[PDB]
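Asker: Structure file structure_28.txt (compact mmCIF, C-alpha atoms and all ligand atoms) right here:
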# COMPACT_ATOMS: atom_id res chain seq x y z
CA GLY G 1 124.58 191.26 130.44
CA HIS G 2 126.79 189.61 127.77
CA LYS G 3 129.06 186.59 128.34
CA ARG G 4 132.77 187.57 128.29
CA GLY G 5 136.15 185.86 128.68
CA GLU G 6 136.03 182.21 129.90
CA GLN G 7 132.18 182.13 129.79
CA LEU G 8 132.29 182.32 125.92
CA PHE G 9 134.34 179.04 125.85
CA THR G 10 132.47 176.71 128.32
CA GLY G 11 131.18 174.61 125.37
CA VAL G 12 131.69 173.94 121.65
CA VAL G 13 131.93 177.24 119.68
CA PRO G 14 131.42 177.53 115.90
CA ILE G 15 134.44 178.94 114.00
CA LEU G 16 134.69 180.88 110.73
CA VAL G 17 138.12 181.61 109.17
CA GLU G 18 138.48 183.96 106.17
CA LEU G 19 141.87 184.73 104.57
CA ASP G 20 142.89 186.93 101.63
CA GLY G 21 146.46 186.25 100.43
CA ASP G 22 148.77 187.89 97.88
CA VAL G 23 152.01 185.87 97.46
CA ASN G 24 154.36 187.19 94.73
CA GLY G 25 151.23 188.78 93.12
CA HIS G 26 149.18 185.49 93.19
CA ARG G 27 145.77 186.47 94.71
CA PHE G 28 143.81 183.83 96.67
CA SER G 29 141.15 183.50 99.36
CA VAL G 30 140.45 180.71 101.87
CA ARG G 31 137.25 179.99 103.80
CA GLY G 32 137.22 177.61 106.79
CA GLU G 33 134.40 176.44 109.05
CA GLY G 34 134.20 174.11 112.02
CA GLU G 35 134.27 174.26 115.81
CA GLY G 36 136.53 174.73 118.82
CA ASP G 37 136.33 173.21 122.29
CA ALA G 38 138.64 175.01 124.77
CA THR G 39 137.61 172.46 127.50
CA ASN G 40 139.67 169.76 125.62
CA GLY G 41 141.78 172.19 123.49
CA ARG G 42 140.35 170.57 120.31
CA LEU G 43 139.83 172.31 116.91
CA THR G 44 138.09 170.65 113.91
CA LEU G 45 138.14 172.80 110.73
CA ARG G 46 137.58 172.28 106.97
CA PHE G 47 139.20 174.85 104.61
CA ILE G 48 138.62 175.52 100.89
CA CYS G 49 140.47 177.79 98.47
CA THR G 50 137.49 179.90 97.28
CA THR G 51 139.46 181.43 94.31
CA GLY G 52 140.42 178.07 92.67
CA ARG G 53 143.87 176.44 93.18
CA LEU G 54 145.96 177.48 96.23
CA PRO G 55 149.30 178.93 94.91
CA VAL G 56 151.21 177.89 98.10
CA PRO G 57 151.21 174.58 100.05
CA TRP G 58 148.34 174.24 102.58
CA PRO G 59 150.77 173.44 105.44
CA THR G 60 152.38 176.92 105.05
CA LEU G 61 148.97 178.51 106.02
CA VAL G 62 148.20 176.33 109.13
CA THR G 63 149.68 178.76 111.74
CA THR G 64 147.87 181.73 110.07
CA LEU G 65 144.46 179.94 109.79
CA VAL G 67 142.57 180.86 117.00
CA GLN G 68 144.69 180.30 120.14
CA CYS G 69 141.63 181.27 122.31
CA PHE G 70 140.73 177.53 121.88
CA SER G 71 143.90 176.39 123.74
CA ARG G 72 143.14 174.27 126.84
CA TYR G 73 144.46 176.31 129.82
CA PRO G 74 144.72 173.90 132.79
CA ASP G 75 142.64 174.91 135.84
CA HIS G 76 145.75 176.31 137.68
CA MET G 77 146.74 178.46 134.62
CA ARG G 78 143.30 180.10 133.89
CA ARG G 79 144.45 183.59 135.07
CA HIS G 80 147.31 183.41 132.44
CA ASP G 81 144.91 182.99 129.43
CA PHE G 82 145.36 186.31 127.51
CA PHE G 83 143.43 185.01 124.46
CA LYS G 84 140.06 184.37 126.20
CA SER G 85 140.49 187.50 128.43
CA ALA G 86 140.17 189.70 125.26
CA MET G 87 136.76 188.19 124.24
CA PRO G 88 134.30 189.05 122.88
CA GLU G 89 135.89 192.34 121.57
CA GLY G 90 138.92 190.22 120.54
CA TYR G 91 142.55 190.82 119.55
CA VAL G 92 144.74 191.62 116.55
CA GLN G 93 147.28 188.85 115.78
CA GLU G 94 150.24 189.91 113.60
CA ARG G 95 153.06 187.68 112.34
CA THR G 96 156.20 187.77 110.27
CA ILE G 97 156.91 184.26 108.92
CA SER G 98 160.41 183.98 107.37
CA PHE G 99 160.87 180.82 105.23
CA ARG G 100 164.58 179.94 105.36
CA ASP G 101 166.23 180.47 101.89
CA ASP G 102 162.88 181.81 100.60
CA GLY G 103 160.20 184.51 100.97
CA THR G 104 158.31 186.04 103.91
CA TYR G 105 154.63 186.06 104.88
CA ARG G 106 153.38 189.09 106.82
CA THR G 107 149.93 188.52 108.36
CA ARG G 108 147.39 190.69 110.18
CA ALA G 109 144.30 189.01 111.65
CA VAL G 110 141.31 190.12 113.74
CA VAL G 111 140.07 187.34 116.09
CA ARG G 112 136.71 188.18 117.70
CA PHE G 113 133.08 187.06 118.11
CA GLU G 114 130.54 187.85 115.38
CA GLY G 115 127.31 186.80 117.14
CA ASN G 116 127.95 183.28 118.55
CA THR G 117 130.76 182.51 116.03
CA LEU G 118 134.50 182.98 116.78
CA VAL G 119 135.86 184.54 113.54
CA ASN G 120 139.50 184.75 112.37
CA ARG G 121 139.77 187.36 109.52
CA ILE G 122 143.28 187.42 107.95
CA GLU G 123 145.19 189.44 105.36
CA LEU G 124 148.46 187.76 104.24
CA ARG G 125 151.16 189.33 102.04
CA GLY G 126 153.93 187.05 100.72
CA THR G 127 157.02 188.71 99.19
CA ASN G 128 160.38 187.66 97.70
CA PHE G 129 159.47 183.96 97.16
CA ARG G 130 161.55 181.90 94.69
CA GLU G 131 159.22 180.77 91.84
CA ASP G 132 161.16 177.42 91.98
CA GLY G 133 161.46 177.24 95.83
CA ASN G 134 159.68 174.73 98.14
CA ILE G 135 156.67 177.11 98.59
CA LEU G 136 155.75 178.34 95.04
CA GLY G 137 157.24 175.03 93.68
CA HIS G 138 154.80 173.00 95.90
CA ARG G 139 157.54 170.63 97.26
CA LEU G 140 156.21 170.47 100.88
CA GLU G 141 154.67 167.19 102.12
CA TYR G 142 150.96 167.29 103.09
CA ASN G 143 151.67 166.69 106.80
CA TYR G 144 152.45 168.61 110.00
CA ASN G 145 154.74 168.27 113.04
CA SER G 146 154.04 168.96 116.75
CA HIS G 147 155.42 172.32 118.01
CA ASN G 148 155.61 174.31 121.27
CA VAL G 149 154.60 178.01 120.94
CA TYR G 150 156.51 180.03 123.59
CA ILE G 151 154.35 182.93 124.92
CA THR G 152 155.66 185.98 126.84
CA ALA G 153 153.87 189.14 128.07
CA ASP G 154 154.46 192.40 126.15
CA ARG G 155 153.41 194.83 128.93
CA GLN G 156 154.33 197.94 126.81
CA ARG G 157 151.78 196.87 124.08
CA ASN G 158 149.28 195.45 126.69
CA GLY G 159 149.56 192.10 124.86
CA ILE G 160 151.71 189.02 124.22
CA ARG G 161 154.53 187.95 121.89
CA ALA G 162 155.37 184.47 120.63
CA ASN G 163 158.46 183.07 118.89
CA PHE G 164 158.70 179.60 117.32
CA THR G 165 160.08 177.80 114.25
CA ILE G 166 157.77 175.51 112.22
CA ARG G 167 159.46 172.48 110.60
CA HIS G 168 157.81 171.70 107.21
CA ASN G 169 158.78 168.25 105.82
CA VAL G 170 160.00 168.55 102.18
CA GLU G 171 159.25 165.78 99.60
CA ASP G 172 163.01 165.04 99.10
CA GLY G 173 163.35 164.33 102.90
CA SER G 174 164.83 167.79 103.77
CA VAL G 175 163.16 170.27 106.21
CA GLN G 176 161.85 173.77 105.31
CA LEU G 177 162.07 176.04 108.40
CA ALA G 178 159.53 178.86 108.90
CA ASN G 179 160.60 181.31 111.64
CA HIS G 180 157.48 182.86 113.29
CA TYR G 181 157.47 186.25 115.08
CA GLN G 182 154.04 186.93 116.62
CA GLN G 183 152.41 189.83 118.51
CA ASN G 184 148.82 190.00 119.85
CA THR G 185 147.17 193.30 120.90
CA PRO G 186 143.67 193.57 122.44
CA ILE G 187 140.96 195.49 120.51
CA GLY G 188 139.56 198.38 122.60
CA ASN G 189 140.70 199.75 126.00
CA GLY G 190 139.43 196.84 128.14
CA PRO G 191 142.15 195.34 130.41
CA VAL G 192 143.46 191.80 129.66
CA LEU G 193 145.34 189.05 131.53
CA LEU G 194 149.10 189.35 130.83
CA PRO G 195 150.62 185.91 131.45
CA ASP G 196 153.85 184.61 132.99
CA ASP G 197 156.08 182.84 130.41
CA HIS G 198 154.49 179.55 129.26
CA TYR G 199 153.98 177.52 126.06
CA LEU G 200 151.17 176.01 123.97
CA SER G 201 151.81 172.33 123.04
CA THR G 202 150.22 172.23 119.55
CA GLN G 203 149.45 168.88 117.81
CA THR G 204 148.06 168.97 114.24
CA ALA G 205 146.65 166.26 111.92
CA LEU G 206 145.92 167.12 108.25
CA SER G 207 143.58 165.03 106.05
CA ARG G 208 141.69 165.18 102.72
CA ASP G 209 137.99 164.51 102.00
CA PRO G 210 138.04 161.88 99.19
CA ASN G 211 134.65 163.29 97.93
CA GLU G 212 135.95 166.94 97.76
CA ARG G 213 137.03 168.16 94.25
CA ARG G 214 137.94 171.71 95.45
CA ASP G 215 141.45 172.56 96.76
CA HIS G 216 140.95 171.92 100.49
CA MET G 217 142.44 170.99 103.88
CA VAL G 218 140.76 169.11 106.77
CA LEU G 219 142.50 169.91 110.09
CA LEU G 220 142.29 168.58 113.65
CA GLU G 221 144.38 170.19 116.43
CA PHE G 222 144.89 169.55 120.15
CA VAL G 223 146.40 172.57 121.98
CA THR G 224 147.30 172.54 125.70
CA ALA G 225 148.97 175.36 127.71
CA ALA G 226 151.83 174.26 130.01
CA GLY G 227 154.95 175.54 131.84
CA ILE G 228 153.33 177.28 134.90
CA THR G 229 153.13 175.44 138.30
CA CA G 301 159.03 162.77 103.97
CU CU G 302 126.62 192.52 128.80
CU CU G 303 154.60 183.08 90.76
Can the structure from this file be put into structure tokens for me?
Ligand SMILES: [Ca+2]
Ligand SMILES: [Cu+2]
Ligand SMILES: [Cu+2]
Answerer:
Amino acid sequence: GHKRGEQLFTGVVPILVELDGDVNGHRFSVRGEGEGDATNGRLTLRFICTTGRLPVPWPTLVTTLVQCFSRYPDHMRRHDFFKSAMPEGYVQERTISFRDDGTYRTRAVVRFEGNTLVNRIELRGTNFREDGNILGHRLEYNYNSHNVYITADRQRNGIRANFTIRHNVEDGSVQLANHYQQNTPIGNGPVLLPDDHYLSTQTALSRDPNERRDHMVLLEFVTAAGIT
């Protein structure tokens, strides 16, 4: 008698994000809480580094730190893979290649724990330059709008995504982060495998002036598009 799929997303849903990271041997954890509203495609989240100082720039973790909160227009609802997997959820895996620098590999479980949508991530960063833009903390505390191109992966009963994130560098240069993404449902329940489309993803980062801990406040608007 449980709610599944779209019915889990009719209103505002609480979100928990938990990440463990190891980048060039630097261990860290992140905890985020807030809420998602798939009716307007809006996310509001506050993140803290629970292990002290974050050894990489916050912007490099944004894509890793819940695409089930994307607004799918009424005419695109049958192409929403992300909600179709809920509540059992999906595994989201990425390779993120920073141009002229190291690579993040991520594995996340996105699923309901009671009434909360939880994103549980393990992140391994390898082959970073200790004096590069990432471990050297030379990325601006800001974020650009990006389109995430989604395609069905019928062999894996899931989806793939490819996109390049543009991180503004303090000297005015750009640090590219090439993303390779695959999502696989948890369990044997069938999912909706979409026609090619994209998620228009708009991100605003801010700081709480009263917060002493290493932290990131995030707002996102995400809208699916590209199907008629
Ligand atoms: Ca700048
Ligand atoms: Cu049920
Ligand atoms: Cu180091």
Asker: Which is closer to ligand CU 302 (chain G) than all the others in G:215, G:33, G:89, G:132, using only C-alpha atoms and all ligand atoms?
Answerer: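 Residue with the minimum atom-to-atom distance to ligand CU 302 (chain G): G:89.
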Asker: Quick one: of G:183, G:81, G:88, G:207, who's nearest to ligand CU 302 (chain G), counting only C-alpha atoms and all ligand atoms?
Answerer: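 Distance minimum relative to ligand CU 302 (chain G) lands on G:88.
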Asker: What do you get as a PyMOL selection string if you pick all residues at most 7 Å from ligand CU 302 (chain G), counting only C-alpha atoms and all ligand atoms?
Answerer: chain G and resi 1-3
Asker: Hey, can you spit out that residue selection with C-alpha atoms as a short mmCIF file (atom, residue, chain, number, x, y, z; two decimals), keeping the file's coordinate frame?
Answerer:
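Output contents, as saved in result_13.cif:
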data_model
loop_
_atom_site.label_atom_id
_atom_site.label_comp_id
_atom_site.auth_asym_id
_atom_site.auth_seq_id
_atom_site.Cartn_x
_atom_site.Cartn_y
_atom_site.Cartn_z
CA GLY G 1 124.58 191.26 130.44
CA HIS G 2 126.79 189.61 127.77
CA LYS G 3 129.06 186.59 128.34
#
Asker: Hey, what's within 10 Å of residue 148 of chain G if we count only C-alpha atoms and toss same-chain stuff fewer than 5 positions away? As JSON, numbers by chain, please?
Answerer: {"G": [163, 164, 165, 166, 198, 199, 200, 201, 202, 203, 223, 224, 225, 226]}
Asker: Which residues sit within 9 Å of ligand CU 303 (chain G), counting all atoms listed in the file, listed as a PyMOL selection string?
Answerer: chain G and resi 23-26+55+129-132+136-137
